[PDB]
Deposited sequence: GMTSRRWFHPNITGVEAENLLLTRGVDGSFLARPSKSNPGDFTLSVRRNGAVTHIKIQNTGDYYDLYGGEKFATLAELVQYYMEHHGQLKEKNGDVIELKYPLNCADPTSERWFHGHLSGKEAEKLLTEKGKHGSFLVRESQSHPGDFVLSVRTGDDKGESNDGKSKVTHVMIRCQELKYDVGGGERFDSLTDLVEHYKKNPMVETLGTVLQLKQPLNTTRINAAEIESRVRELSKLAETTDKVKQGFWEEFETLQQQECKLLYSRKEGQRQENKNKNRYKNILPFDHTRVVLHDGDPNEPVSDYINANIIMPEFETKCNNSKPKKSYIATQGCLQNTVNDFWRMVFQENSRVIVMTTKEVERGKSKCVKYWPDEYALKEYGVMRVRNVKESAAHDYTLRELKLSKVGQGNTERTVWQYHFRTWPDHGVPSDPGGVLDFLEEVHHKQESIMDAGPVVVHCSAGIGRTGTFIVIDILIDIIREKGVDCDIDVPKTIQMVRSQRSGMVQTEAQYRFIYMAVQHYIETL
């Protein structure tokens, strides 16, 4: 679908005027808050007037004031538009023409730099659009078709801006670069002598050699970080997979947050009553991304760990933060034995480090003493209440220990990771782990692609990695890991 209802570069005044002049009753857009940076604003028109509704994100979920909690703004907007009541109606998305957040748009990039990138990083059908230095307000579409043999080339197409409309010198005049690019992706320009200018994929400029991380971070820090993140966010509209199972009446009470649900195609199905709010994550270590246990899902959590042959649990929340319950205690006190339905757990021993507690747990099925296995619970305890850690050292040291534990156990199943909703902190830990894993195996001369890896994880559980602050912290963690090798 589209995410054109998000306006990245708009003020609250510009939004009102846009809704009052170019919209009607039931029209809406979403945008950054200017008065609460890191937060967002749903701007709706009702009775010839505009209401601004605050969306908070502190790292766990998108909290809509007077509404529900959501994994993504796209899942939020799909929920309300599919009247699934906010009464205030989201009827008519008001579309953004600003190309800032398209994968293929490179703003004030030179034709020199453009041609280097396309030559080095481009393949057949790689394209980009950039501002023209020559013709202020115009753009250049550059497309590669096919490094020594001249079997490939770069064609440059001038895009004219005339009275707010865009064209390639003839044919249709479009209201936005996006319209122009979508048209010629569907109906490719052909050259006099036969060459088809296939716009097959945006040029990849996010993949870097690992050694260049410090360099890429310095570039992103002068602001490139915000551009790259909001471009990733715009791609979330491709990940609106079904979560039907999590919406069944008998499964509603098993979700910590009603509208933060596992995708059907990657959910953990419990065999031998089949449902848990948990997804398999495959990047080679694999993972289970899940929520903090509720009182009524502790039994299901242990059925999942047993079934999946999980030998390591990563908990990235306290039980209680800012006086709110994030996760029920699902482990026995040290030396104690508990039964959780058909699953029996002994807490064999706890060891405390600064940033974490390790609990050595023995898990078996009641009735069958031969089913016993050790499950190691790494409980990270120093994650801040607001934002992300100032230093990644504690998280990297933690993950290094988790990695060694997992590697030490023959045929260990996926690593269980959870926070509250199991999308923000959980996503952040899992993406750091996957990226470091690559560098650990394939060495400092390997390619990493942070947004590609996040998009791949977000295809398996909604909204994995919640904030720009987490996105920055992932880059910082990968940089620190590279700097100490």
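Unmodelled regions (deposited sequence positions with no C-alpha coordinates, counted from 1) are 1-2, 87, 90-95, 156-160, 237-245, 296-302, 314-324.
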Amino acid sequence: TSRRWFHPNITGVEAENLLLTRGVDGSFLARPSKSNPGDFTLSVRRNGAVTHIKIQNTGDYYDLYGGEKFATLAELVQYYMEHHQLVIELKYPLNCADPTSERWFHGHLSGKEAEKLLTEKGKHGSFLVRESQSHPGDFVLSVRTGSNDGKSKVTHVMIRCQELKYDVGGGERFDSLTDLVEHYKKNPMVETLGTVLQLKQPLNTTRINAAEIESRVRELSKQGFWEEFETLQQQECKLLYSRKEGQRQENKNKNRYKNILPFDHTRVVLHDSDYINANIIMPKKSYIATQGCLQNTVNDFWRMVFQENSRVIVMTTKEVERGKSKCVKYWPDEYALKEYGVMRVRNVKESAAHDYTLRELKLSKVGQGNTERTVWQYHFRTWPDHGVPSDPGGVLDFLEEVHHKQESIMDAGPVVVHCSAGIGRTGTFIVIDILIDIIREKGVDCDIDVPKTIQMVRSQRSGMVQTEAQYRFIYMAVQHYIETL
From here on, numbers count along this sequence of modelled residues.
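The PDB entry records a higher mean C-alpha B factor for 321-329 than for its counterpart among 257-265 and 321-329.
Judged by mean Cα B factor in the deposited record, 49-57 ranks above the other of 49-57 and 448-456. As recorded in the entry, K121 carries the highest CA temperature factor of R359, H354, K121, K405. The residue among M476, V465, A469, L20 whose C-alpha carries the highest B-factor in the deposited model is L20. When the modelled residues of the chain are ordered by C-alpha B-factor, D63 sits in the middle third.
When all modelled residues of the chain are sorted by CA temperature factor, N296 is found within the lowest third. In the PDB entry, a CA B factor belonging to the lowest third of its chain's modelled residues is recorded for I313. Per the PDB record, residue ranking by Cα B-factor puts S221 in the highest third of the chain.
Sort the chain's modelled residues by C-alpha temperature factor and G413 lands in the lowest third, per the entry.
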